[PDB]
Each structure stands twice: as C-alpha cells, then as structure tokens.
file final-v2.tsv (TSV, C-alpha atoms and all ligand atoms)
chain	number	residue	atom	x	y	z
C	7	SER	CA	92.52	100.39	104.02
C	8	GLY	CA	94.19	99.93	100.63
C	9	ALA	CA	94.92	97.53	97.76
C	10	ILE	CA	96.84	97.34	94.47
C	11	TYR	CA	94.77	96.07	91.59
C	12	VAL	CA	97.15	94.74	88.90
C	13	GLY	CA	95.71	92.45	86.18
C	14	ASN	CA	93.89	89.47	87.75
C	15	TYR	CA	95.55	90.05	91.18
C	16	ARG	CA	94.75	92.05	94.32
C	17	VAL	CA	97.74	92.95	96.57
C	18	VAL	CA	96.86	93.77	100.20
C	19	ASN	CA	98.51	93.85	103.66
C	20	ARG	CA	98.35	90.33	105.08
C	21	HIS	CA	97.16	91.69	108.49
C	22	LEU	CA	94.08	93.30	106.84
C	23	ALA	CA	93.27	90.44	104.38
C	24	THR	CA	89.56	89.60	104.20
C	25	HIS	CA	87.85	86.14	104.16
C	26	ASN	CA	87.52	86.41	100.36
C	27	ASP	CA	91.27	87.06	100.04
C	28	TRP	CA	92.02	83.71	101.79
C	29	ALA	CA	89.37	81.82	99.76
C	30	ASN	CA	91.16	82.97	96.51
C	31	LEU	CA	94.78	83.10	97.85
C	32	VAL	CA	97.48	83.04	95.16
C	33	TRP	CA	100.54	83.68	97.47
C	34	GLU	CA	101.18	85.00	101.04
C	35	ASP	CA	104.18	85.99	103.21
C	36	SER	CA	103.97	86.87	106.98
C	37	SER	CA	107.60	88.04	106.86
C	38	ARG	CA	106.65	90.63	104.18
C	39	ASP	CA	103.07	91.41	105.42
C	40	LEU	CA	101.86	90.75	101.82
C	41	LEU	CA	98.97	88.66	100.56
C	42	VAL	CA	98.12	88.41	96.85
C	43	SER	CA	94.65	87.05	95.94
C	44	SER	CA	92.79	86.56	92.60
C	45	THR	CA	90.07	88.80	91.00
C	46	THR	CA	87.61	88.35	88.11
C	47	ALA	CA	88.05	91.90	86.69
C	48	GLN	CA	91.25	93.27	84.92
C	49	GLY	CA	93.15	95.75	87.15
C	50	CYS	CA	95.05	98.63	85.57
C	51	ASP	CA	97.78	99.48	88.12
C	52	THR	CA	101.29	99.73	86.61
C	53	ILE	CA	103.99	98.25	88.84
C	54	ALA	CA	107.31	100.07	88.79
C	55	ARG	CA	110.29	97.80	87.95
C	56	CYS	CA	113.17	99.97	89.26
C	57	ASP	CA	115.69	101.05	92.01
C	58	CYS	CA	113.92	104.32	92.94
C	59	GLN	CA	114.36	105.98	96.32
C	60	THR	CA	111.96	108.99	95.96
C	61	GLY	CA	108.19	108.97	95.37
C	62	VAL	CA	104.75	110.03	96.67
C	63	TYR	CA	102.60	108.09	99.25
C	64	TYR	CA	98.86	108.48	100.14
C	65	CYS	CA	98.06	109.25	103.84
C	66	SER	CA	94.40	108.34	104.81
C	67	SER	CA	94.94	109.97	108.26
C	68	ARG	CA	95.58	113.42	106.66
C	69	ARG	CA	93.72	112.97	103.28
C	70	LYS	CA	96.97	114.12	101.60
C	71	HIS	CA	99.68	112.69	99.29
C	72	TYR	CA	103.29	113.19	100.43
C	73	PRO	CA	106.65	113.23	98.67
C	74	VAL	CA	109.14	111.03	100.60
C	75	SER	CA	112.71	109.85	100.32
C	76	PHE	CA	112.87	106.12	101.13
C	77	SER	CA	115.37	103.35	101.86
C	78	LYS	CA	116.34	100.22	99.89
C	79	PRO	CA	114.08	97.19	100.72
C	80	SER	CA	115.63	95.65	103.85
C	81	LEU	CA	115.16	93.44	107.03
C	82	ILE	CA	113.79	95.88	109.66
C	83	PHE	CA	112.76	94.97	113.25
C	84	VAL	CA	109.06	95.64	113.87
C	85	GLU	CA	107.94	95.68	117.54
C	86	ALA	CA	105.29	93.14	118.69
C	87	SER	CA	101.67	93.90	117.59
C	88	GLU	CA	98.12	92.35	117.77
C	89	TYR	CA	98.70	90.68	114.35
C	90	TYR	CA	102.32	89.51	114.42
C	91	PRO	CA	104.73	88.73	117.26
C	92	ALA	CA	107.93	90.88	117.51
C	93	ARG	CA	109.89	90.02	114.33
C	94	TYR	CA	112.16	91.26	111.48
C	95	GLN	CA	109.95	92.14	108.51
C	96	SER	CA	111.77	91.67	105.18
C	97	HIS	CA	111.50	93.83	101.96
C	98	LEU	CA	110.60	96.93	104.02
C	99	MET	CA	111.46	100.55	103.03
C	100	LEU	CA	111.56	103.40	105.63
C	101	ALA	CA	110.92	107.17	105.06
C	102	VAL	CA	110.39	110.29	107.25
C	103	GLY	CA	106.62	110.82	107.21
C	104	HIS	CA	103.38	110.87	109.23
C	105	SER	CA	101.68	107.53	109.85
C	106	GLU	CA	98.72	106.11	111.84
C	107	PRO	CA	97.49	102.42	112.14
C	108	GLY	CA	94.56	103.09	109.78
C	109	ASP	CA	97.14	104.16	107.13
C	110	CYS	CA	98.24	100.62	106.07
C	111	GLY	CA	97.46	99.95	102.41
C	112	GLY	CA	98.14	103.45	101.08
C	113	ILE	CA	100.05	103.29	97.82
C	114	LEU	CA	103.64	104.47	97.28
C	115	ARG	CA	104.60	105.49	93.73
C	116	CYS	CA	107.40	107.02	91.66
C	117	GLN	CA	107.51	108.22	87.98
C	118	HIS	CA	107.69	104.49	86.95
C	119	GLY	CA	104.52	103.44	88.78
C	120	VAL	CA	103.50	101.59	91.98
C	121	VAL	CA	106.40	100.85	94.42
C	122	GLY	CA	104.58	99.34	97.44
C	123	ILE	CA	101.96	99.86	100.18
C	124	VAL	CA	102.15	101.44	103.72
C	125	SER	CA	102.82	98.60	106.22
C	126	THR	CA	104.62	99.95	109.29
C	127	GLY	CA	105.17	103.41	110.91
C	128	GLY	CA	105.76	105.29	114.15
C	129	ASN	CA	108.01	107.84	115.88
C	130	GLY	CA	107.90	110.17	112.85
C	131	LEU	CA	108.73	107.36	110.35
C	132	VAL	CA	106.60	105.42	107.78
C	133	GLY	CA	107.43	101.96	106.35
C	134	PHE	CA	106.47	100.45	102.96
C	135	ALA	CA	106.10	96.88	101.81
C	136	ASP	CA	108.01	96.65	98.46
C	137	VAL	CA	106.26	94.92	95.49
C	138	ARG	CA	108.80	95.69	92.70
C	139	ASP	CA	110.57	92.32	92.96
C	140	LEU	CA	107.30	90.35	92.37
C	141	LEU	CA	107.69	90.13	88.55
C	142	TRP	CA	104.84	87.57	88.27
C	143	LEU	CA	102.17	90.23	88.99
C	144	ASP	CA	102.57	91.53	85.38
C	145	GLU	CA	102.81	88.14	83.69
K	1	LIG	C1	100.95	102.56	109.21
K	1	LIG	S1	101.13	101.36	110.53
K	1	LIG	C2	101.44	102.35	111.95
K	1	LIG	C3	101.61	103.73	111.87
K	1	LIG	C4	101.90	104.47	113.01
K	1	LIG	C5	102.01	103.81	114.21
K	1	LIG	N1	101.86	102.49	114.34
K	1	LIG	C6	101.57	101.77	113.25
K	1	LIG	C7	101.29	100.32	113.51
K	1	LIG	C8	102.28	99.39	112.85
K	1	LIG	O1	103.37	99.80	112.47
K	1	LIG	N2	101.93	98.08	112.74
K	1	LIG	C9	100.62	97.55	113.16
K	1	LIG	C10	100.02	96.65	112.11
K	1	LIG	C11	101.02	95.56	111.72
K	1	LIG	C12	102.33	96.17	111.21
K	1	LIG	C13	103.31	95.07	110.82
K	1	LIG	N3	103.74	95.10	109.57
K	1	LIG	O2	103.64	94.20	111.62
K	1	LIG	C14	102.90	97.07	112.31
K	2	ZN	ZN	110.72	104.23	89.91

call {"tool": "encode", "arguments": {"input": "final-v2.tsv", "output": "structure tokens", "more": "lines below"}}
Ligand SMILES: CSc1cccnc1CC(=O)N1CCC[C@H](C(N)=O)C1
Ligand SMILES: [Zn+2]
result
Amino acid sequence: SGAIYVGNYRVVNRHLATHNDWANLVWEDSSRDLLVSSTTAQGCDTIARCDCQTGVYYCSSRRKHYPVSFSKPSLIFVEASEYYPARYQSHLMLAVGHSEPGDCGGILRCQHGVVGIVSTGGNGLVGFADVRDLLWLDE
C-alpha cells in the first residue's frame, strides 16, 4: 500500500495497480515494477534529482520510518512470485532493513526529496524502485 503523488501523476507498484490506474495509464514497465497513471488533482511530492545513497523509508509492517544506506539503481535478480515470473528487475536499489509483502509502496526519501518506493525485500534486505531518472514527472 503506497503511492507517490507528483503533479498530475500517481506513481505506484505495477503489481498493486488498480483498475483505475490502467484506465488512465500514462506509462508502465514490468521490468521496473512501476506504473504511472493520471490524476485530476495537483500532487505536491518533490522528487529528488540526485545520486544519494542514504535516506529514510516508511515500513507499514512496523509503523516506523527507518534510516538506510542503499545501493546505486541496478539489475537485480528477483525470485519468481505470484505477479511476475523469475526475472532481473532493473533500476532497483538494495538496503539492509526489515520488509514484509504488505510493505510495497512505502516511500524512500533523502534531504532532496522522494527517491523511490519499496518493491522487493527478504532475508534481512529491502529493495526500492528508483524514480529519480523519470524527469518527465516534474514537467
Ligand atoms: C516488500 S516486498 C517483500 C518483502 C519481504 C519478503 N518478500 C517480499 C515479496 C517480494 O519481494 N516481492 C513480491 C511482490 C513482487 C515483487 C517484485 N518486484 O517482483 C517481489
Ligand atoms: Zn538526495
């Protein structure tokens, strides 16, 4: 459960996208587990445009925010699941942190703003879908 509301867009995990998200689809990528749809209202989330590797993420499963050190967006292998077959997910950042399946969508942010959303996790790690390269969300 979680979305980024920037301007006239709504950024969500592709595996949790609703029927309304597909009826107003702007762009989607299975490799990135991202789906951007349109909204009528004007979102106020600031997207970070940077090369940060430290920030704070929100953990629904513990109702706590956590400071984490994270990796550069890369091509990481994600085991098979009930949404996607076993594949390499691109633009993914890993950190040491608690994660549960109901934690997808939780925001990651640095001093500059929103970095990405929780997408993968397991074995003591947590993985984030990066949104800093998507410069069109601001424009
Ligand atoms: C926060 S997700 C999590 C956390 C702890 C343990 N297992 C998970 C589950 C997970 O990693 N998923 C399931 C949903 C689809 C994901 C994907 N991008 O393909 C992979
Ligand atoms: Zn930053």

call {"tool": "residues_around", "arguments": {"input": "final-v2.tsv", "residues": "residue C:46", "least_positions_apart": "3", "cutoff": "10 Å", "atoms": "only C-alpha atoms", "output": "PDB file with C-alpha atoms, keeping the file's coordinate frame"}}
result
ATOM      1  CA  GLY C  13      95.710  92.450  86.180  1.00  0.00           C
ATOM      2  CA  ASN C  14      93.890  89.470  87.750  1.00  0.00           C
ATOM      3  CA  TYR C  15      95.550  90.050  91.180  1.00  0.00           C
ATOM      4  CA  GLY C  49      93.150  95.750  87.150  1.00  0.00           C
TER       5      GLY C  49
END

call {"tool": "closest_atom_pairs", "arguments": {"input": "final-v2.tsv", "of": "chain C", "to": "ligand LIG 1 (chain K)", "cutoff": "7 Å", "atoms": "only C-alpha atoms and all ligand atoms", "output": "JSON lines"}}
result
{"residue": "C:21", "atom": "CA", "partner": "K:LIG1", "partner_atom": "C11", "distance": 6.3}
{"residue": "C:39", "atom": "CA", "partner": "K:LIG1", "partner_atom": "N3", "distance": 5.6}
{"residue": "C:84", "atom": "CA", "partner": "K:LIG1", "partner_atom": "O2", "distance": 6.0}
{"residue": "C:87", "atom": "CA", "partner": "K:LIG1", "partner_atom": "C9", "distance": 5.8}
{"residue": "C:89", "atom": "CA", "partner": "K:LIG1", "partner_atom": "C11", "distance": 6.0}
{"residue": "C:90", "atom": "CA", "partner": "K:LIG1", "partner_atom": "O2", "distance": 5.6}
{"residue": "C:95", "atom": "CA", "partner": "K:LIG1", "partner_atom": "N3", "distance": 7.0}
{"residue": "C:105", "atom": "CA", "partner": "K:LIG1", "partner_atom": "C3", "distance": 4.3}
{"residue": "C:106", "atom": "CA", "partner": "K:LIG1", "partner_atom": "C3", "distance": 3.7}
{"residue": "C:107", "atom": "CA", "partner": "K:LIG1", "partner_atom": "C2", "distance": 4.0}
{"residue": "C:108", "atom": "CA", "partner": "K:LIG1", "partner_atom": "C1", "distance": 6.4}
{"residue": "C:109", "atom": "CA", "partner": "K:LIG1", "partner_atom": "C1", "distance": 4.6}
{"residue": "C:110", "atom": "CA", "partner": "K:LIG1", "partner_atom": "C1", "distance": 4.6}
{"residue": "C:124", "atom": "CA", "partner": "K:LIG1", "partner_atom": "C1", "distance": 5.7}
{"residue": "C:125", "atom": "CA", "partner": "K:LIG1", "partner_atom": "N3", "distance": 4.9}
{"residue": "C:126", "atom": "CA", "partner": "K:LIG1", "partner_atom": "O1", "distance": 3.4}
{"residue": "C:127", "atom": "CA", "partner": "K:LIG1", "partner_atom": "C3", "distance": 3.7}
{"residue": "C:128", "atom": "CA", "partner": "K:LIG1", "partner_atom": "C5", "distance": 4.0}
{"residue": "C:132", "atom": "CA", "partner": "K:LIG1", "partner_atom": "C1", "distance": 6.5}

call {"tool": "residues_near_ligand", "arguments": {"input": "final-v2.tsv", "ligand": "ligand ZN 2 (chain K)", "cutoff": "10 Å", "atoms": "all atoms listed in the file", "output": "PyMOL selection string"}}
result
chain C and resi 53-61+115-121+138

call {"tool": "closest_residue", "arguments": {"input": "final-v2.tsv", "among": "C:37, C:52, C:7, C:45", "to": "residue C:83", "atoms": "all atoms listed in the file"}}
result
C:37

call {"tool": "closest_residue", "arguments": {"input": "final-v2.tsv", "among": "C:80, C:113, C:67, C:123", "to": "residue C:20", "atoms": "only C-alpha atoms"}}
result
C:123

call {"tool": "closest_residue", "arguments": {"input": "final-v2.tsv", "among": "C:79, C:73, C:8, C:91", "to": "residue C:36", "atoms": "all atoms listed in the file"}}
result
C:91

call {"tool": "atom_distance", "arguments": {"input": "final-v2.tsv", "atom1": "atom CA of residue C:111", "atom2": "atom CA of residue C:19"}}
result
6.3 Å

call {"tool": "closest_residue", "arguments": {"input": "final-v2.tsv", "among": "C:114, C:18, C:40, C:81", "to": "residue C:62", "atoms": "all atoms listed in the file"}}
result
C:114

call {"tool": "residues_around", "arguments": {"input": "final-v2.tsv", "residues": "residue C:103", "least_positions_apart": "5", "cutoff": "8 Å", "atoms": "only C-alpha atoms", "output": "list in words"}}
result
residues 72, 74, 130, 131 and 132 of chain C

call {"tool": "closest_residue", "arguments": {"input": "final-v2.tsv", "among": "C:12, C:141, C:82, C:92", "to": "residue C:47", "atoms": "all atoms listed in the file"}}
result
C:12

call {"tool": "axis_aligned_box", "arguments": {"input": "final-v2.tsv", "around": "stretch 106-118 of chain C", "padding_each_side": "3 Å", "output": "AutoDock Vina command-line options"}}
result
--center_x 101.1 --center_y 104.1 --center_z 99.5 --size_x 19.1 --size_y 14.3 --size_z 31.2

call {"tool": "atom_distance", "arguments": {"input": "final-v2.tsv", "atom1": "atom CA of residue C:25", "atom2": "atom CA of residue C:9"}}
result
14.9 Å

call {"tool": "build_atoms", "arguments": {"input": "final-v2.tsv", "residues": "stretch 63-99 of chain C", "atoms": "N, CA and C atoms", "output": "JSON list (two decimals), in the coordinates of the input"}}
result
[["chain", "number", "residue", "atom", "x", "y", "z"],
["C", 63, "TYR", "N", 103.49, 109.07, 98.60],
["C", 63, "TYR", "CA", 102.60, 108.09, 99.25],
["C", 63, "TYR", "C", 101.25, 108.71, 99.71],
["C", 64, "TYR", "N", 100.15, 107.93, 99.72],
["C", 64, "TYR", "CA", 98.86, 108.48, 100.14],
["C", 64, "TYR", "C", 98.59, 108.19, 101.65],
["C", 65, "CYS", "N", 98.28, 109.26, 102.40],
["C", 65, "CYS", "CA", 98.06, 109.25, 103.84],
["C", 65, "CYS", "C", 96.59, 109.41, 104.25],
["C", 66, "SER", "N", 95.82, 108.30, 104.40],
["C", 66, "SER", "CA", 94.40, 108.34, 104.81],
["C", 66, "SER", "C", 94.13, 109.25, 106.01],
["C", 67, "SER", "N", 95.04, 109.22, 107.01],
["C", 67, "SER", "CA", 94.94, 109.97, 108.26],
["C", 67, "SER", "C", 95.05, 111.48, 108.11],
["C", 68, "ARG", "N", 95.48, 111.98, 106.94],
["C", 68, "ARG", "CA", 95.58, 113.42, 106.66],
["C", 68, "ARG", "C", 94.91, 113.80, 105.33],
["C", 69, "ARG", "N", 94.34, 112.81, 104.60],
["C", 69, "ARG", "CA", 93.72, 112.97, 103.28],
["C", 69, "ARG", "C", 94.62, 113.77, 102.33],
["C", 70, "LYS", "N", 95.93, 113.46, 102.39],
["C", 70, "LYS", "CA", 96.97, 114.12, 101.60],
["C", 70, "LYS", "C", 97.96, 113.09, 101.03],
["C", 71, "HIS", "N", 98.60, 113.45, 99.92],
["C", 71, "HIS", "CA", 99.68, 112.69, 99.29],
["C", 71, "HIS", "C", 100.97, 113.37, 99.74],
["C", 72, "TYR", "N", 102.04, 112.61, 99.96],
["C", 72, "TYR", "CA", 103.29, 113.19, 100.43],
["C", 72, "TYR", "C", 104.51, 112.72, 99.68],
["C", 73, "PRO", "N", 105.38, 113.65, 99.28],
["C", 73, "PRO", "CA", 106.65, 113.23, 98.67],
["C", 73, "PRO", "C", 107.66, 112.78, 99.74],
["C", 74, "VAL", "N", 108.20, 111.56, 99.61],
["C", 74, "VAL", "CA", 109.14, 111.03, 100.60],
["C", 74, "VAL", "C", 110.38, 110.41, 99.99],
["C", 75, "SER", "N", 111.47, 110.50, 100.71],
["C", 75, "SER", "CA", 112.71, 109.85, 100.32],
["C", 75, "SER", "C", 112.66, 108.53, 101.09],
["C", 76, "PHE", "N", 112.99, 107.41, 100.44],
["C", 76, "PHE", "CA", 112.87, 106.12, 101.13],
["C", 76, "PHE", "C", 114.08, 105.24, 100.96],
["C", 77, "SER", "N", 114.20, 104.22, 101.84],
["C", 77, "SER", "CA", 115.37, 103.35, 101.86],
["C", 77, "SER", "C", 115.25, 102.15, 100.90],
["C", 78, "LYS", "N", 116.35, 101.41, 100.72],
["C", 78, "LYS", "CA", 116.34, 100.22, 99.89],
["C", 78, "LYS", "C", 115.56, 99.13, 100.66],
["C", 79, "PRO", "N", 114.81, 98.24, 99.98],
["C", 79, "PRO", "CA", 114.08, 97.19, 100.72],
["C", 79, "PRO", "C", 115.02, 96.37, 101.60],
["C", 80, "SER", "N", 114.75, 96.34, 102.91],
["C", 80, "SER", "CA", 115.63, 95.65, 103.85],
["C", 80, "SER", "C", 114.88, 94.89, 104.97],
["C", 81, "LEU", "N", 115.64, 94.20, 105.87],
["C", 81, "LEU", "CA", 115.16, 93.44, 107.03],
["C", 81, "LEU", "C", 115.08, 94.36, 108.25],
["C", 82, "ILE", "N", 113.92, 94.95, 108.54],
["C", 82, "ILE", "CA", 113.79, 95.88, 109.66],
["C", 82, "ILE", "C", 113.01, 95.25, 110.82],
["C", 83, "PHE", "N", 113.45, 95.48, 112.07],
["C", 83, "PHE", "CA", 112.76, 94.97, 113.25],
["C", 83, "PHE", "C", 111.49, 95.77, 113.48],
["C", 84, "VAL", "N", 110.38, 95.06, 113.63],
["C", 84, "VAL", "CA", 109.06, 95.64, 113.87],
["C", 84, "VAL", "C", 108.62, 95.11, 115.20],
["C", 85, "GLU", "N", 108.39, 96.02, 116.19],
["C", 85, "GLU", "CA", 107.94, 95.68, 117.54],
["C", 85, "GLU", "C", 106.70, 94.75, 117.51],
["C", 86, "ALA", "N", 106.43, 94.06, 118.62],
["C", 86, "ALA", "CA", 105.29, 93.14, 118.69],
["C", 86, "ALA", "C", 103.97, 93.89, 118.50],
["C", 87, "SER", "N", 102.97, 93.27, 117.84],
["C", 87, "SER", "CA", 101.67, 93.90, 117.59],
["C", 87, "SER", "C", 100.51, 92.89, 117.80],
["C", 88, "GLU", "N", 99.23, 93.30, 117.61],
["C", 88, "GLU", "CA", 98.12, 92.35, 117.77],
["C", 88, "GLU", "C", 97.87, 91.47, 116.53],
["C", 89, "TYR", "N", 98.79, 91.51, 115.55],
["C", 89, "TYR", "CA", 98.70, 90.68, 114.35],
["C", 89, "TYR", "C", 99.90, 89.76, 114.31],
["C", 90, "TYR", "N", 101.10, 90.30, 114.51],
["C", 90, "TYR", "CA", 102.32, 89.51, 114.42],
["C", 90, "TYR", "C", 103.14, 89.65, 115.66],
["C", 91, "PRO", "N", 103.81, 88.57, 116.11],
["C", 91, "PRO", "CA", 104.73, 88.73, 117.26],
["C", 91, "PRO", "C", 105.99, 89.51, 116.86],
["C", 92, "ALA", "N", 106.72, 90.10, 117.82],
["C", 92, "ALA", "CA", 107.93, 90.88, 117.51],
["C", 92, "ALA", "C", 108.90, 90.14, 116.55],
["C", 93, "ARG", "N", 109.08, 90.69, 115.34],
["C", 93, "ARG", "CA", 109.89, 90.02, 114.33],
["C", 93, "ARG", "C", 110.68, 91.00, 113.44],
["C", 94, "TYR", "N", 111.48, 90.45, 112.50],
["C", 94, "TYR", "CA", 112.16, 91.26, 111.48],
["C", 94, "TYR", "C", 111.33, 91.09, 110.21],
["C", 95, "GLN", "N", 110.70, 92.18, 109.74],
["C", 95, "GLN", "CA", 109.95, 92.14, 108.51],
["C", 95, "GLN", "C", 110.91, 92.38, 107.36],
["C", 96, "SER", "N", 110.89, 91.52, 106.34],
["C", 96, "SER", "CA", 111.77, 91.67, 105.18],
["C", 96, "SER", "C", 111.11, 92.51, 104.07],
["C", 97, "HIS", "N", 111.94, 93.03, 103.12],
["C", 97, "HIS", "CA", 111.50, 93.83, 101.96],
["C", 97, "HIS", "C", 110.81, 95.13, 102.38],
["C", 98, "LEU", "N", 111.23, 95.71, 103.51],
["C", 98, "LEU", "CA", 110.60, 96.93, 104.02],
["C", 98, "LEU", "C", 111.43, 98.18, 103.72],
["C", 99, "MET", "N", 110.77, 99.28, 103.32],
["C", 99, "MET", "CA", 111.46, 100.55, 103.03],
["C", 99, "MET", "C", 111.01, 101.67, 104.00]]
